[PDB]
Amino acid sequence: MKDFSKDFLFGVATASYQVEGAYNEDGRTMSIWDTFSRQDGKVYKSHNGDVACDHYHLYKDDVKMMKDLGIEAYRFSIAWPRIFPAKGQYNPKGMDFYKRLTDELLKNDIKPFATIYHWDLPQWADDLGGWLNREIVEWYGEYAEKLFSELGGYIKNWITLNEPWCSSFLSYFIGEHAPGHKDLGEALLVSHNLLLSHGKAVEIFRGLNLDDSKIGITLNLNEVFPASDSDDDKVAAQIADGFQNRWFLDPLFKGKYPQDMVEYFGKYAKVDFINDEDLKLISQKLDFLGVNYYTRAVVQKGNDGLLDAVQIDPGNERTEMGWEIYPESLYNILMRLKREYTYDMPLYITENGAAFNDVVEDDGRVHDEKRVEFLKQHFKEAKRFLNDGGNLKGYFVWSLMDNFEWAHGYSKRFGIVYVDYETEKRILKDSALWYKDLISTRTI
């Protein structure tokens, strides 16, 4: 008796700038993250993705390695600067990489899940205003249309955006991510144009009416807990919950922004970008929702720079990201989606994983037993979601390999495969051998 059906998709995930390297090869021009990584201090130790895992050149080895683990699906992102290295200038050599990547995946019985935008905005777009310029909806739409036309016969599962909360608030309000602005109003406008650009891609995708092809979006979601039962900490929790989750779930699945947060933000910045026609485009019916889950947040009243809510450390074990290990929130979020937002729509966990201080032993092994226990605990919550009626179609572990972890550089290792960057050698961690066995047995 299987806990994961034979139809269930055990997968792994990467992103273009985090793994590909070859940053100026075959016509690729800079993205906002190439630029950001060269701004003094914006990436830890001045790391960048010039070479990364060199997946652009080693992809056939990497696909073979995934075949040998039993991987059934592979979530990757397509680099906009490879496809349109300048405004209105298509680059066939960039497309060619994703066609030969896709061909290798299909020959190895691996189902491709393609993320259209995973933060590597072309620099030419940002120089015109980027996500602050409403015309990006058209530039993104033409970019998406080109991918559907050239790849839609071979890629059948499409994700418009990865984690728009990061591309908006983390990039334009907190400023940790490219382009690194620090203005709440800009972040709110960016979040709207991201969602509107998502709606343009869905509209284009529906018009093409490709056989057996599905489209969705990926959101990073948490569960917010008040530090105490006080009314003040409950209000702080509502703010944090709207900031992370409801600000994107409500427009996508209810067709409106959460009104409490519209009022809250409106005390501090402009919210005049809201209108009915935009929200109708944003709330188009999707085929699935991809969920990125890593941790919960415990919040108390206060204001330390961001909004009127301060996250605290509750004192439990954390990963090397400083993120609390809290698997139960994976079930709570998935059930919350089923009850309040997505109903019986298919759901995918498009990222879950952990960063630990991995070391290669004298015999060539990586005994990452903390990551094994992390993945076991979270797959058990996915199993419990399926047992309680949830429509979970797949689970993509982040990540296939250690890679460039954005503002942390290479200092944080998420992979089930260890990468020695000096030699680009791949080393299977014990978590990879455990995942191979889980795929074979499908019971946990």
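Numbers for residues come from their place in the sequence shown, where the first is 1.
The mean C-alpha temperature factor is higher for 301-309 when 112-120 and 301-309 are set side by side. Higher mean CA B-factor, judged across 431-439 and 17-25 from the recorded values: 431-439. Highest CA B-factor among 190, 224, 366, 347, as stated in the entry: 366. Sorting 177, 134, 75, 246 by the CA temperature factor given in the entry leaves 134 at the top. Ranked within its chain, residue 107 lands in the highest third, by CA B factor from the PDB record.
Sorting the modelled residues of the chain by their CA temperature factor places residue 68 in the highest third.
Residue 394: CA B factor lies in the middle third for its chain, per the PDB record. Looking at the C-alpha B-factors along this chain, the one for residue 91 belongs to the middle third. In the deposited entry, the Cα temperature factor of residue 83 sits in the bottom third of values across the chain's modelled residues.
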